[PDB]
């Protein structure tokens, strides 16, 4: 990966030593970006609900993932499952189990640093995997994207600043997350996110992920051309809010 600092260096040092999940896949690949695109044409608000136990920030929520996922299946466009243990208190078994109970698309939220994690994602039943620009070299990024595409999955490229977007466009991304939170400082900047969203071309699937708590933000970002809107801690405390975000 790139030369890193703080907690990002650690989560990356650990992700490499993380051992694989070696068991055959037991569900089809259900395209998230494609279903999002369909939702837009169907005028439905597309929301990726996140099943994350603990924030990297550090504040846990213990709840049955199968009751959450099953509920979300009825409303969400897709499910983002946090599978990092140290800072996100998630696991591969939480993914495998959720993926066995739901039929909507599933996104693996992790710090992918090696090809095996992309095998893990497939095998466990994840429909797509998140690739963080801020955490990989350009050629590492081009390889993982290619590898995930050799599995049928269309990688979910996370950008944070105008530099991440430069590399994102250079690698040939077609599914972009515009993270309003800086991975190292853990701060939200909606001005910066909005600027970045304006710079991403029409043909690319856009996900505004930050600290979304109300519909008026989703309306605003939609008026700015974003396709899907990722919510986590807001839905992790109260999952029923989704009905209001859809409205």
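Residue numbers count along the first chain shown, from 1.
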Completion exercise
Looking only at C-alpha temperature factors in the entry, 54-62 or 175-183, the higher average sits in 54-62
Handout entry: Out of 121, 82, 159, 131, residue topping the C-alpha B-factor column of the entry
Key = 82
Problem - Within-chain third of residue 12 by Cα B-factor, per the entry - result: middle
Completion exercise
On the chain's distribution of Cα B-factors, residue 112 falls within the third called lowest
Exercise for the section: Give the position of residue 188 by CA B-factor within its chain, expressed as the lowest, middle or highest third. Expected result: lowest
Exercise for the section: Could you tell me which third, lowest, middle or highest, the C-alpha B-factor of residue 148 occupies within its chain? Expected result: lowest
Completion exercise
Of the three thirds of the chain ranked by Cα temperature factor, residue 136 occupies the highest
